[PDB]
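Only one structure is covered here, and it is reproduced in the block below.
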Ligand SMILES: Nc1ncnc2c1ncn2[C@@H]1O[C@H](COP(=O)(O)OP(=O)(O)NP(=O)(O)O)[C@@H](O)[C@H]1O
Ligand SMILES: Nc1ncnc2c1ncn2[C@@H]1O[C@H](COP(=O)(O)OP(=O)(O)OP(=O)(O)O)[C@@H](O)[C@H]1O
Ligand SMILES: Nc1ncnc2c1ncn2[C@@H]1O[C@H](COP(=O)(O)OP(=O)(O)O)[C@@H](O)[C@H]1O
Ligand SMILES: [Mg+2]
Ligand SMILES: [Mg+2]
Ligand SMILES: [Mg+2]
């Protein structure tokens, strides 16, 4: 407290002097203790007990004196009860730096997000909203003349209320002219709307309408003619026509929101006036009394008693609280009933309890009623993130300032919090009931309640609302103090109709009656998905987007006509314009990216059912389409338009682009191997080539590192701050050391999403676009930065994170097997296998690589191989049918298409490398295409069997071999009773049994059963060949099988057989974490700062380090089902590197491999590996050797 | 049900597929639990905690909470539940046979007992969309007209669908006209649900809106039916006496 | 089957009001069955034929086994005198559980009044209430005094602590602790197990409900000017009864059991007071046309009673009841509170214009209430009965 702000010492000089004296004594004592830290030595210090007791007494006195000072400051300015002790100390302590107070005005006030100071920052000219709307004080508050924070802040609040009252008086005086008129000039009306604040505009129009109807009903009674009421309705309709004409035009966002609020108001006013139908002729009839009426009395000296809002019996006063630009609600009959019930409860001094299913507008209706009365409503979310310790302070604040308090879902609280908050609500509500007691002296009414163990005065204007969700009921103590209301079915049709009318749609009613049942259909006919949201909020967002689409079409037509010689008329353009097509376009553009492959046909079927004959045509994007095609050609990817191959992938990348345009945070939640990474990389490169803005991506696996290593941490002992990986990246971009802003920065995460590492990201993904650090820094998200999540699923993701982010679902149908086959063939025909660093950058340096067709003999050999493989890699090619059969077969691991396909491609690469080594060993006789063909066809069959049935048992390997034999024409071995997988393809096209390659070794007398002797058998040599194949391409080969089969010994023997190979055994267990791999890298490797970047390479040059991880399955999953070390290995094998937790820099691996062994995942203690990890690993089922192999070995 | 390209296009097929999906899951679950109970009572299976509590509930007649994955009347015993389950699964088998062999269009001509279905409101939604798709009509311009036909297997129009098992509480439907009855409940023979184009005709005073509750507990509302008032009967009498329609009794 | 077809009086017996008292002999046996055998055979016959009468027949079976006067004590009013004085030990709390909305503290208040024993009544729920409770418990245990602890269902943990305190405590011979509750699952099992339990339920019926209503509403409150005020209360009282009794016949009466209770009655009384005071403005008499009928009907249908109602058909029923009762026609001499009652003769609203006249009319109501009073069909009772009958059997299965 006394070393955080210098002004705290000035506020409390006696206490500062006292603490300085104590601190001196305490530091001397602690030095004495540090000299002799033994507990017996400390206990033997002379008079230590008495000194510590005296220090405890004095320190308690200062802490109390400080608490009393804080309580006095809170009592002087009751709104300070809404900020904590640290925030309050910041507010009073930072008196000179007024600009530090602007971050707390949102907690204290309703719509006041900041205050506008003078040039010298000594005079508060006015207040400002979060949107930007400002209210200039009639008489500005002078901080210099009132230096105390409480004094000038109270003057700011009082001048807020007085200004609002005076501006409302002026606005009402102006709008009475429009009310008493038959033709409102659009320009004058828009000028009036621009002049006054949104809440004052809506309130003035409400006051004018209430005054007119009141006068009319009296006139109707005497005259006997309904003419006055008809005139009121006419005027409302004329003003509504003017508002519609204005809202079709192009308006500023603030004026647009004001127009929408005014339209929502006037629709309700016209409805009420039409309800002329019931033939009311008296102003005291309940058909008029039940309506909320506004009686403005400008002559009243007290601003809080100038405007009266009366509904039925109840009669409140406008609190004149600046609400900023709030979201007005469509005044449906359900909301009318809510207003009536809550006002009746408030007049009866009872609280309100709207109950119903979530999303029915309960807390929104409570907040809207509070804002209609000019009150400050605080909504307390009763989820797990509930401030229990602050509840008493906030309750005292509500009682003292006369603010409203709404609980989002009071039944979500746990039993202890529920009971305590119920007791507090009960005492406050009993105090409120005390105000309806006539015996209590009205002249002097100090009604108080027992809050925070003190008598807190309760203002009559405050109220408590308890929104509940049945399935349950109010606590037994609050049942008799609260009036319940069933808000169970919002009138979505009228909400949609009024919002569509406010967006300029002429056929608002038809479109509403279409779009509400359609959203019901989608919510009940689309696959149960967590990211699906067809509620009222989503419907409102869709309607707003449809209005935006309508206005952009209008602007496009207007610009086209301006370019031509044709005249321009906004209303004419709006009339000759399809509203249904715009609504369907908005619905599709909002929902299709989130849809799984099965739900798109369903969505379009339900759509056609509701909208018959209306077709959705996707926007044409020829420039980006051609850039995408060029990038896909460059990256060997497959491109297609519409129904062509790659069409779904291209439409997915276009959807991802539109989501990047709309949102700043977004997710790709397709399954593994569905084209997410290629989609966003190709989009980044296409945008780079199209817009000319450089694109940089920061793939940050959030689970390979801890939360502290991701967001940074500060030492509590020394207050030393460390930047985490994400914070370091964000700060780098914000620093703009190398003009980072001038470049498109995408922060991709590429890891599982859980409600632990995204909590700090919630404010970044929200509209705030701000990262709050435990240090206290507030890092603003730059406009170019795009936070991107590439995930497999959303099983362990919060609805908050899903809602804050755009959604693009990459169903596995997006990526076709033909597309992967084409990619493999193009890469084989283009990229030479033998060439490493050379001819790798030459691919980028050459746009078409003219004159480099015969780059190497390797390239020619693999091009000839691709030619022979081409026929088999067709839509109905042997590979496809075999892959379908592979899916039919059961496997030791969860089968994925890309695991098998990658294993097959690596085996084919090894086949062409074998052709190359044969050519090198026989310069005189190159392998003629004749033999090459036979060999490649046979090796293709071999690779298909060993890649699709590698996980399968011997029976299923035989089944796949028989299926291949049935469905192929290549010459398979003619063995009567020997499996095809028992044969090797030699260099020549002929097969050769594996048993021929098995030698007959002899073991010495000792070491007879040594743990390093491996007797060569058919399984041993076969698996060793597979290891050599898949380790030539440095894949994370995994052998799985029952215990005792020989996985560990075969792996170790084969790895040690390789000369340039350092084998490191890393036994995994449930306690295994990535720090084990980091320790292994520290022990066996070194980091070198190459010009490209940090490279982690083995200390021994010219040798590849293999990390034999003996039990891949064992590492335990989190409570969200994720093995952190497995994710680390996946990152290091996919992205080829990781991130140092000390430097926050990318470290690229060099000459480092991974090999794993497992027991079947069905065994106890073994967890199934993630599909994003299994995609890269080739898994082989090492079954028991069998009678012949056992016979040979033993 | 065997999903094909044309089958998935039919809303009724999709509904029936979801129904039989849920039915099969519960069928095997309940059958496995009963088989375990038989094994324990035969003496060859040890009473685990779940087995012990299941046996206790079956002996006491309390409906097991693991069972009843669909909407069931509250407080109902195990016997009533297994009887209803047998009837529902028999209906699902019959529907399965019609869909598999009778063809997709037969699903339009088959009479469906709303009580047997787990989600009959989804059936009513499907029927509405079917009519809309066949007649190229927009979905929201369709309103439901109910015609109770005492003639067995009464002709079904293109937009008229047959529903059996409907129970009328406290009223007797004669010539598609309701008359207050002192009987406990009158079974409606063959209710015909016809999806007609919505008109601007003003609802007559002799028209009553009756809720079609899922079961006798009146806890789940499926839809509403507009019926004609016979003789000089006030609709307020129908409101006070609690006249309604039950999918199952 | 053969006996059913051959019998000629079987049809009239099946359509009889009380078939359990005249069950025909429809079973075949070698030797005449003992009276309990005939009782069980009749019970089976009633369960098969007329399940609604099963309960009545079940009582007959109990009588033919445990005597005709086995249950006769229960219909008699509870005599807490002897039970509390002897049957209850000083260290055994007397738990007095009422249905939600009912009160049972008045019983022991009158018990202590007639027993001339000092009793201290304490309302539980607040910390000051807890301190008053435990200090009064200590004073009474050391002085042999009676303690009342009202609404102790509000503090379950404090109830557990009280049970633990009473277990070790050794009270005086005249100490008596009463704890009143509204039957909640929150009540500790150990407290219920270690204390005498008394369950109180209100006497069902429109007459009893209206008598409870008139008693609760202050006489002076119903006597305030204008003189029409009393009549309004009467209608309101009637309305309250008509709905609360109708709650017994759910789901036919109300689609679900709403918590229509004292809070709604107080809110409706307050609404009537406010609006009638606004309309009258001090006049001693106002015309029945001047009463804000629309205001009362709307506030009771959407705010007072309609707040709990979430079904649209229940709301429709509530609106129909309010539109039928609260009109100017209710101030006529021939207004019919309930029509087609029992199929013949209909309830007429009392002609009087004073509170005492309305209470007299309530007290002279015939003790022959049927669901036709509530607007329900007269067979609704039968449905209720048969449900209860099935329920009994279900409970009898759970005691197996
Ligand atoms: N080809 C072989 N030559 C020699 N011994 C073999 C051979 N195959 C299996 N064995 C024996 O079988 C056992 C295999 O041990 P090991 O290689 O540790 O099995 P594993 O597959 O790692 N089983 P686990 O780690 O328990 O899941 C040893 O006792 C070996 O001696
Ligand atoms: N447009 C394309 N044309 C051809 N092949 C493609 C295309 N997109 C992707 N592929 C192939 O499919 C593979 C998987 O694609 P990608 O790496 O984008 O998957 P992902 O969705 O990010 O999966 P994971 O969850 O494993 O990270 C690519 O490595 C490539 O071989
Ligand atoms: N009368 C109305 N006009 C416009 N929108 C409404 C109306 N009623 C409800 N909504 C919308 O319905 C949603 C319900 O959200 P909210 O009220 O916060 O949750 P709950 O309904 O569970 O309390 C809100 O997003 C709100 O925009
Ligand atoms: Mg909500
Ligand atoms: Mg990826
Ligand atoms: Mg091993």
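Residue numbers (this note's numbering), protein chains in the order written: chain A, 1 to 1194; chain B, 10001 to 10249; chain C, 20001 to 20400.
Positions of the beta carbon are idealized from the N, C-alpha and C atoms, including for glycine.
By the rule that beta-carbons nearer than 7 Å mark a contact, residue 610 (chain A) touches chain B. In the DSSP assignment, residue 790 (chain A) forms a beta bridge with A:668. Counting only the Cα atoms, residue 20288 (chain C) lies some 56 Å from residue 20009 (chain C).
Counted as a single uninterrupted DSSP element, the beta strand (DSSP E) harbouring residue 20198 (chain C) occupies residues 20196-20200. Approximately 18 Å separates the beta-carbon atoms of residue 217 (chain A) and residue 309 (chain A); this is outside 8 Å, ruling out the contact. Under the DSSP definition of a beta bridge, residue 20339 (chain C) lacks any partner. Residue 20088 (chain C) is a Cβ neighbour of residue 20196 (chain C), given a cutoff of 7 Å. By the rule that beta-carbons nearer than 7 Å mark a contact, residue 20375 (chain C) touches chain B. Taking CB atoms only, residue 10140 (chain B) has a neighbour in chain A less than 7 Å away. Ranked by Cα distance from residue 10151 (chain B), the options B:10054, B:10188, B:10097 and B:10170 are led by B:10188.
A distance of 7 Å or more separates the beta carbons of residue 1067 (chain A) and residue 1118 (chain A).
Residues of chain B whose Cβ lies closer than 8 Å to the Cβ of residue 513 (chain A) are, in chain order, 10140. The C-beta of residue 410 (chain A) comes no closer than 7 Å to any C-beta of chain C. At a cut-off of 7 Å between beta-carbon atoms, residue 10132 (chain B) makes contact with chain A. Per the coordinates, the alpha-carbon of residue 20145 (chain C) lies some 13 Å from the alpha-carbon of residue 20093 (chain C).
A residue is called buried when at least 16 other Cβ atoms come within 10 angstroms of its Cβ; residue 320 (chain A) meets this threshold and is buried.
Within the stretch 19-79 of chain A, the alpha helix (DSSP H) runs of at least 4 residues that lie entirely inside it are, in chain order, 39-43 and 48-76. Residue-level contact by beta carbon fails for residue 20244 (chain C) and chain A, as no gap is shorter than 7 Å.
Assignment of residue 351 (chain A) by DSSP, reduced to helix, strand and coil, places it in the strand class. With distances taken between CA atoms, residue 555 (chain A) lies nearest to A:574 out of A:824, A:540, A:574 and A:338.
In terms of Cα proximity to residue 613 (chain A), the closest of A:712, A:624 and A:578 is A:578. Between ligand 3 and residue 1122 (chain A), a heavy atom-to-CB distance of less than 6 Å is absent.
For residue 1127 (chain A), the CB stays at least 6 Å from every heavy atom of ligand 5. Close CB contacts of residue 20063 (chain C) within its chain, under the 7 Å cut and outside five residues either way in sequence, are with 20070 (chain order). Residue 721 (chain A) places its beta carbon less than 7 Å from that of residue 714 (chain A). Contact between residue 10078 (chain B) and residue 10055 (chain B) is ruled out by a C-beta separation of about 12 Å, above the 8 Å threshold.
Secondary structure remark: continuous beta strand (DSSP E) runs of at least 3 residues inside the stretch 20009-20066 of chain C: none found. The Cβ of residue 20248 (chain C) sits no closer than 7 Å to any Cβ of chain B.
The C-beta of residue 10060 (chain B) comes closer than 7 Å to at least one C-beta of chain C.
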